[PDB]
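Going down the list, the protein sequences come from chains H and I.
Numbered according to the authors' numbering, the first sequence spans residues 1 to 104, 107 to 118, 1008 to 1117.
Numbered according to the authors' numbering, the second sequence spans residues 1 to 6.
The structure under discussion appears below in the form of structure tokens.
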Amino acid sequence: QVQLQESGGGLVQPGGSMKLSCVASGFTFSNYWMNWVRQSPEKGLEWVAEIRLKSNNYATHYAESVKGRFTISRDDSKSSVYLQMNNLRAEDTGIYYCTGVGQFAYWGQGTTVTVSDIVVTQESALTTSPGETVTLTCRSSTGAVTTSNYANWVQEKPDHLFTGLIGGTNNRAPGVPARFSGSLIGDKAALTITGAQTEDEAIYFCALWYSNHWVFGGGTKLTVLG
Amino acid sequence: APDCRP
Ligand SMILES: *[C@H]1O[C@H](CO)[C@H](O)[C@H](O)[C@H]1NC(C)=O
């Protein structure tokens, strides 16, 4: 249904520049904010930048790690979003994804870039079996998670394939199976799978909103045995 | 808030 198709990655030198592109289809691109998020084995999933709508004068926000080096832009007439990356560092190495909608339903396939504080905490691993009910949790170092953190849950399957499950605490993304649900329980956000299935073996990440930026948790590896 | 449009 929805496709986000990235391009422009590669193998670059420290100090260099690179521009990434992402072309959207299957949804009204110009009505939604877009984000870039990156994944590295060292720093996990990291939100990089957002761009808002024409009606917001295309307002942008950046992670502190890239501010002054990266620029996000969009071309609504081409249904495309871009990331200009200047003065690249070793720490910018990773897989770069364009993502958005309610708030992280849709993800591109990723483009690899190789260059050569709030903590959100999730269970490292959980083990379940088919037909069980399993609940994953997401804690903030700031204090209680509330509906003002707009908790999102996303799923990663091989090979680095992301799909959004839940946004705005408990809103299921379109086409997401009914066994997934979101909640707030004991001042943490939570994702529940009511009757786990073998195909739900995957890494699950939460993301929490703080005023004007997102912080992703470390992810939970869910194994489904039997 | 973030992008809360459905
Ligand atoms: C999203 O809906 C929320 C309800 O919480 C607000 O009305 C908000 O104004 C909407 N988002 C945008 C981006 O306009």
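Just so it is clear, CB atoms sit at the ideal spot from N, CA and C, and this is done for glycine as well.
Is the distance from the Cβ of residue i to the Cβ of residue j below 9 Å?
i: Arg-38/H; j: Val-48/H; result: yes
i: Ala-1087/H; j: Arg-1070/H; result: yes
i: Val-101/H; j: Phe-27/H; result: yes
i: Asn-1040/H; j: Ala-1081/H; result: no
i: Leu-1075/H; j: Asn-1061/H; result: yes
i: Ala-1016/H; j: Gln-1046/H; result: no
i: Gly-1022/H; j: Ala-1042/H; result: no
i: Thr-1083/H; j: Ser-1072/H; result: yes
i: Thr-1111/H; j: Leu-1027/H; result: yes
i: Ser-65/H; j: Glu-42/H; result: no
Taking the beta strand (DSSP E) that residue i falls in, what are its first and last residues?
i: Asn-35/H; result: 34–40
i: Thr-114/H; result: 113–117
i: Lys-1048/H; result: 1043–1048
i: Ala-1069/H; result: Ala-1069/H -> no beta strand (DSSP E), and no H or E assigned at all.
i: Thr-1037/H; result: Premise fails: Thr-1037/H is in no beta strand (DSSP E) and is neither H nor E.
i: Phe-1053/H; result: 1052–1058
i: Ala-59/H; result: Looking at the DSSP string, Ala-59/H is not in any beta strand (DSSP E), and its letter there is neither H nor E.
i: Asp-76/H; result: Here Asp-76/H belongs to no beta strand (DSSP E), and DSSP marks it neither H nor E.
i: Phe-27/H; result: Here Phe-27/H belongs to no beta strand (DSSP E), and DSSP marks it neither H nor E.
i: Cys-1097/H; result: 1093–1101
Which residues in the same chain have their Cβ closer than 7 Å to the Cβ of residue i, if we skip the five residues on either side of it in sequence?
i: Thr-93/H; result: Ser-40, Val-115, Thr-116 and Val-117
If you draw a straight line from the alpha carbon of residue i to that of residue j, how long is it in whole angstroms?
i: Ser-77/H; j: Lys-54/H; result: 12 Å
i: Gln-3/H; j: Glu-1014/H; result: 31 Å
i: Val-1025/H; j: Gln-13/H; result: 44 Å
i: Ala-1064/H; j: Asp-1091/H; result: 16 Å
i: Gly-9/H; j: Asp-75/H; result: 19 Å
i: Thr-71/H; j: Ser-80/H; result: 14 Å
i: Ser-1032/H; j: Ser-30/H; result: 34 Å
Ordered along the chain, which non-local residues of its own chain (more than five positions away) have a Cβ less than 8 Å from that of residue i?
i: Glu-6/H; result: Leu-20, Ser-21, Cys-22, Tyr-96, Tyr-97, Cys-98, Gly-110, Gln-111, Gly-112 and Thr-113
i: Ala-63/H; result: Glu-46, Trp-47, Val-48, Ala-49 and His-1104
i: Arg-52/H; result: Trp-33, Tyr-58, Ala-59 and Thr-60
i: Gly-15/H; result: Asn-87 and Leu-88
By Cβ distance, which residues of its chain are closer than 6 Å to residue i, with the 5 residues on each side in sequence left out?
i: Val-1106/H; result: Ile-1009, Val-1011 and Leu-1099
i: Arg-1030/H; result: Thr-1012 and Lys-1079
Given 8 Å as the limit, tell me if residue i has its C-beta closer than that to any heavy atom belonging to ligand 3.
i: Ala-1/I; result: Ligand 3 is not part of the structure shown, which contains ligand 1 as its ligands.
Who are the neighbours of residue i on chain I, taking C-beta pairs under 8 Å?
i: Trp-33/H; result: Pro-2 and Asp-3
i: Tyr-58/H; result: The contacting residues do not exist; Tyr-58/H stays about 14 Å from chain I at best.
i: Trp-1100/H; result: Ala-1 and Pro-2
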